[PDB]
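*Asks:* Here it is, the structure, as structure tokens.
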Amino acid sequence: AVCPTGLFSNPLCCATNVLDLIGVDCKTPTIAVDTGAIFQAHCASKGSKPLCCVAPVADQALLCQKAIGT
Ligand SMILES: [Mn+2]
């Protein structure tokens, strides 16, 4: 379990999670991301939070939800 299906379907590594609703400074993973633990570790290696966002590309600010169990 990486991201849910539907709206919040794209794993990104974002510098900040604002309001539990917005990812700021969002990077694409540079690896395939197979599990929650890999997602978490990969984003932490980039100083970032694993968020599940509405689009799959790098961006300034996106609507996102935290990855599960974070
Ligand atoms: Mn920025």
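Please treat every number below as a calculation from the coordinates, not as lab data. Here the Cβ is made from the backbone with ideal geometry for all residues, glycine too, and neighbour counts use every protein chain on show.
*Asks:* If the Cβ limit is 6 Å and pairs must be 6+ apart or interchain, which residue in the stretch 39-62 that is at negative phi and assigned to a loop (DSSP other than H, G, I, E, B) pairs with which residue that is among the polar types (S, T, N, Q) and within 16 Å of the ligand (Cβ to nearest atom)?
*Replies:* Listed pairs, sorted by first residue: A58/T28.
*Asks:* Moving to a separate point now. Considering only residues that are among the basic types (K, R) and within 13 Å of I68 (Cα to Cα), which ones fall in the stretch 1-57?
*Replies:* Correct list: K49 only.
*Asks:* Is one or more of the residues making up the stretch 44-53 surrounded by 13 or more Cβ atoms within 10 Å (Cβ to Cβ) and away from the ligand (no atom under 16 Å from the Cβ)?
*Replies:* Yes, the conditions are met somewhere in the stretch 44-53.
*Asks:* Take the residues in the stretch 12-35 that are touching a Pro at 6+ places or on another chain (Cβ under 8 Å) and not in a strand (DSSP E or B), then tell me which one is nearest to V2 (Cα to Cα).
*Replies:* Residue satisfying both the conditions and the ranking: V33.
*Asks:* Taking the stretch 26-41 as the region of interest, how many residues are out of contact with any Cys (no Cβ under 6 Å at 6 or more places or on another chain) and within 14 Å of the ligand (Cβ to nearest atom)?
*Replies:* Matching residues across the stretch 26-41 total 0.
*Asks:* What pairs can you find where one residue is in the stretch 13-29 and among the acidic types (D, E), the other is part of a strand (DSSP E or B) and away from the ligand (no atom under 11 Å from the Cβ), and their Cβ atoms are less than 7 Å apart, with a gap of 6+ or different chains?
*Replies:* From the stretch 13-29, the pairs are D20/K66.
*Asks:* Determine, yes or no, whether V2 is touching a strand residue (DSSP E or B) at 6+ places or on another chain (Cβ under 9 Å) and more than 14 Å from the ligand (Cβ to nearest atom). Let's see the steps before the verdict.
*Replies:* Numbers: touching a strand residue (DSSP E or B) at 6+ places or on another chain (Cβ under 9 Å): yes; more than 14 Å from the ligand (Cβ to nearest atom): yes.
Here the answer is yes, as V2 does meet what is asked.
*Asks:* Go through (1) within 16 Å of the ligand (Cβ to nearest atom); (2) among the polar types (S, T, N, Q); (3) surrounded by 14 or more Cβ atoms within 10 Å (Cβ to Cβ) and name the single condition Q60 misses.
*Replies:* (3)
*Asks:* Related question: Looking only at the stretch 1-42, which residues are in contact with a helix residue (DSSP H, G or I) (Cβ under 9 Å, 6 or more places away or on another chain), of a type outside the set (A, V, I, L, M, F, W, C) and exposed (fewer than 13 other Cβ atoms within 10 Å of the Cβ)?
*Replies:* Residue satisfying the conditions is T30 alone.
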